[PDB]
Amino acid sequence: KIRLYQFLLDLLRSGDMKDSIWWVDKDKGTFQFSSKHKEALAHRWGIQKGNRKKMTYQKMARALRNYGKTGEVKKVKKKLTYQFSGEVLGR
């Protein structure tokens, strides 16, 4: 199965949920979720994973925070905004 950060990067490259997620500065790898439409994207993540329960944004962001230590995704001090690492961006 696909990793959460790759799922998000794939969405950003494809544009298929442009109303739920978008680049802020793609050169830097910063991206931002929609306040009003992020849940639809969280639902898709859960369904792609086949999880038992409905996925929520809160649980999705809980997983996102676990990347902070290893570095694939880091929280940015801006509403609903995160940043991929250069390594993730290159791959």
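Note that residue numbering follows the sequence shown and begins at 1.
- Stretches 60-68 and 46-54 differ in mean CA B factor, with 46-54 having the higher one.
- The deposited CA B-factor of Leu11 belongs to the middle third of values across its chain.
- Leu80: CA B factor lies in the lowest third for its chain, per the PDB record.
- Placement of the Cα temperature factor of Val73 within the chain: lowest third of the modelled residues, per the deposited record.
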